[PDB]
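To start, the structure under review is shown below, and the notes come after it.
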There are 2 protein chains.
Amino acid sequence: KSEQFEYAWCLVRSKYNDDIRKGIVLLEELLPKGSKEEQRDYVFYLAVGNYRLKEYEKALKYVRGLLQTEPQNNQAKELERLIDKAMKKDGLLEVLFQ
Amino acid sequence: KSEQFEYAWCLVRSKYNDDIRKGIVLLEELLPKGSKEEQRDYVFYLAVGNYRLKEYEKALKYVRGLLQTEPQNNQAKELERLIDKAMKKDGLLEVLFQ
């Protein structure tokens with residue numbers, strides 16, 4: 001189980017979008033199985049994976065879910081601040097042609 | 001066993017040089033364990049991993065070892081032709097200051 005995560009961790013790291021989609025799904029499967037601390041890590045990495053796929057909605061959903069339980073996790077705060085920059089630049093680009 | 005390779009396959013794919021070094025080592029461990037066909041695949045991927053680490057010597061050692069048994073594997077031939085281009089450009093760059 002602690003190695004089924006390492007696989008998904010490497011997968012959510014990969015340069016190929018398909019390895020990333022596979023990495024999330026393995027993390028979504030490992031999520032109810034997990035412990036308190038394990039779920040906090042899995043959720044963080046699900047936000048990382050969803051962000052690397054421009055799925056910024058779902059990525060913000062996780063990182064805020066974690067930030068409600070851990071308001072002072074600075075790495076979660078930094079990941080939420082990176083999701084906000086991508087979304088506001090993306091929203092600017094969308095409406096550039098009016 | 002057929003999943004200990006998938007891990008190392010994803011690892012030898014990664015953007016991080018340390019995940020790659022780990023991926024090779026897992027493939028070097030899986031190499032005697034393997035079957036005929038499995039060893040041919042592992043060796044191919046060891047050449048891929050060693051090439052992505054600029055270890056072009058070791059990468060050529062594998063891809064030629066495979067090419068001796070499989071002279072017509074075109075993917076092994078293409079990987080050996082990519083290792084030759086990297087080495088000849090690298091050798092040109094080394095001696096640019098004379």
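Numbers for the structure displayed
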quantity	calculated
Cα-projected label distance for A:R81 with A:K58, points at 7 Å along beta-carbon direction, nm	2.7
Per-copy distances of the A:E55 label point, shortest first, in nm (7 angstrom along Cα→Cβ)	3.4
Cβ-placed point charges (K, R +1; D, E -1), dipole of the stretch B:4-94 about Cα centre in debye, nearest 20	220
Dimensions in Å of the protein assembly as shown - Rg and Dmax from alpha carbons	21.2, 62
Residue exposure sequence - A:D18, A:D84, A:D41, B:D19 - by fewest surrounding Cβ within 10 Å	A:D18, A:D84, A:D41, B:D19
For the stretch A:4-94, diffusion coefficient by Stokes-Einstein and Kirkwood Rh (Cα), 37 °C, 0.692 mPa s, µm²/s	248
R0 of 41 Å, Cβ-Cβ distance B:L31-B:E94: FRET efficiency to nearest 0.05	0.85
Where chymotrypsin sites (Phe, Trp or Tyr not before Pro) fall in DSSP loop in the stretch B:20-98, at most 14 other Cβ within 10 Å	B:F97
Distances in nm from A:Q68 to the matching label points in the other copies, shortest first (labels 7 Å along Cα to Cβ)	6.3
Rounded FRET efficiency, nearest 0.05, which uses the C-beta distance separating B:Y16 from B:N73 and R0 of 22 Å	0.15
Cross-link reach list, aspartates and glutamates versus A:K33, counting only Cα pairs under 18 Å and skipping chain neighbours closer than eight places	A:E3, A:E6, A:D41
Loop sites in the stretch B:1-67: GluC sites (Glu not before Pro), DSSP, at most 11 other Cβ within 10 Å	B:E3
Label distances, nm, B:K1 versus same residue in remaining copies, Cβ-directed 7 Å point	2.7
The stretch A:1-51: trypsin sites (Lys or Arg not before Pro) in DSSP coil with no more than 13 other Cβ atoms inside 10 Å	A:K1, A:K15
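Cβ sites come from the backbone with ideal geometry, for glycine too, and all protein chains shown count toward neighbours. Throughout, read-outs are computed from the coordinates displayed, never taken from laboratory work.
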